[PDB]
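Just one chain follows, in the form deposited in one PDB entry, and it is written as structure tokens.
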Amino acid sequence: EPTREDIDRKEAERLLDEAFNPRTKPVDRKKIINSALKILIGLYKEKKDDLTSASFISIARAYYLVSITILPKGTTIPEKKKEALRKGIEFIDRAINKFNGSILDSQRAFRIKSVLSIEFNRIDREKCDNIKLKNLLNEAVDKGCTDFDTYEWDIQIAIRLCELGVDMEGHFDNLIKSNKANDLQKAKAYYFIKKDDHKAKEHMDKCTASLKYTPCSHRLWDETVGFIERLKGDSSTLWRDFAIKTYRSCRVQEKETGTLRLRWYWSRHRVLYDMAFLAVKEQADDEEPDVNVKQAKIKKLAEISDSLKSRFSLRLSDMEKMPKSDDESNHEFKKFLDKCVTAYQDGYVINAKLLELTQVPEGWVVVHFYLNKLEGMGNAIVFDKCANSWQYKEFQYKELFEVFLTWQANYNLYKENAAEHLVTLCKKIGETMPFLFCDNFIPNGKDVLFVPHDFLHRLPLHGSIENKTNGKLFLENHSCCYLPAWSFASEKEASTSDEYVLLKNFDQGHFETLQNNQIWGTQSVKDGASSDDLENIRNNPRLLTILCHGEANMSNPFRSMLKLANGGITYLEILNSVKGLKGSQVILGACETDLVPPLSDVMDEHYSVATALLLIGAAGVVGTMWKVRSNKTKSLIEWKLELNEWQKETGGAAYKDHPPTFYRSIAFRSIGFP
């Protein structure tokens, strides 16, 4: 004899089951949950205390599913997810307090409460402490949370209890024989219940292998990295190989997609890469008579550093982004975002040529930088092609970061007058990285390439001053060319024309001599140029000069733009529209770098518009790091013979007497690799 309440609860449960189908799209799932939760709330409006227990269970389930359908907008857990979990916890608390007496209903209520609580602890430790969660999980397993062959949530409860140091010895066989148990869950059971390192390792190898085909937004990635963190905290020997295997899986997954070089942010990618780097470094610190294995380990370290340094950031920028525009560009973003969101929701719903690191021309030495937060100290990996050897050195970046922040704060107020802080920063770089001035680390007279890590991208590594009473400038001995990542390097096989192009949209009163009195004549130059003029370059020249102070987006690197006419050309529009710059030297003078990227906070995955020019095939970008008076970049452009040789004699080695002269000479760096 069903009633209106029972039939409405049945309809809500049917809607919840439909939204619990893994084949359901994330966009339709939200509407389905809204309908079911609206029905359930409507029933609760009339039965605040007389509501049946099962309706409360349905409400708690719907709130759990709401919480799992809310994605983190940025780098922090949204408060809406916490609020949804808290509301579900309160509803299930009212379910439990109203003792219906049914054993099955009590078991289901405790299962839902435990699932809500483990997720709430996962995203918020303070409000759902470990002790409270352990007590609740013990109560749930006392209530009958033992069937692992039908409910995956019960397996989750058992694994969470294993993580909390609670004896799950009795249920181990049932957990292992269960068909719904995950590979990672079985590995955790083996490591925690039986402490069988061999079985756990050989069975989690399967999980690491299977992670290749799952997007980084999936839950299994976060859980795997958390398991690695726990293993490292327990000083277990299994974490060293596990980190490397998961890193390899991440490389395989990342390389599959991302034609525009963007990745998904999940807040444990950096931790995973740091653990992989630390594991490979520790494996490289063993006593082996053969040096080939050590060289391979250091090359693996450089591979780890390089694989991290070629992708992008959080999702609110992905949602906002830009309209249709290019059909090829927007399709990739749509596919990537859709697959990532779908994988994220499915995790909880049941269920050109890339040059190798050793492909460096003779007489060139490259330096790879990596800073891992878990170790808290920096790494510098150098590769000398002539000696065909790899070695790495350590340094600390905390005081270096503080000095860089001091210089950045002073510059953003007293740009030209902050040269003393720039000299202090250069001296700090030289002091904290003495290996740059070591003959063994970097041979004298070698052309040095830098692949800086996050906030080292903002440091004038070419302008570092040796830690001596008469310390020599690093620029005086080596030719430095920078690069965001080694994967951005290409081969100069493009055909170079004979023309020079001098675009300009800078404010009137500057560069007047260059435009009217063209020193090199110019062919397709312009004054007050727009994005169309840049897009209309057909034959790739030996020199394209762009003179327009650009702008930055503090969140999306794709929206950093050069302020040309008709709205200016953005970072993404360069990739899609611009085609005629294959192998073209660029003296982009967009009023310093600092205009195009944001201001750093020891995280600088943001890439300037110069790397877009590198991607579209430019042979090199000679930009400016900090704002300088216009005649300096005008003289650089007028330097038409075909960089450190110019800076060496222009006054770049005069930090002792005239810091302002040092300020506006070191500001120029060459981005790109011949």
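From 1 onward, residues are counted along the sequence shown. Throughout, rigid core stands for the largest set of C-alpha atoms superposing within 1.5 Å between the two forms.
Looking at the other PDB entries for this protein, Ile244 is present in the model in all of those that include the residues around it, rather than absent from a third. When the other compared entries with both flanking residues are checked, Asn130 is modelled in all of them, not unmodelled in a third.
Unmodelled stretch separating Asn351 from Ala352: 10 or more residues (count of deposited-sequence residues without coordinates). According to the entry, the deposited sequence runs straight from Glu649 to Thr650 with no unmodelled residues in between.
The same protein also has a form deposited in another entry, omitted here; what follows describes it.
Of the residues listed here (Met275, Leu436, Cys145, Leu459), only one shifts its CA by 2 angstroms or more between this form and the one not shown after fitting on the rigid core, and it is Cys145.
Once both forms are fitted on their core, the CA shift for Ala619 between this form and the one not shown remains under 2 Å. Relative to the superposed core, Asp527 shifts its CA atom by 2 Å or more between this form and the one not shown. For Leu371, a C-alpha deviation below 2 angstroms is recorded between this form and the one not shown after rigid-core alignment.
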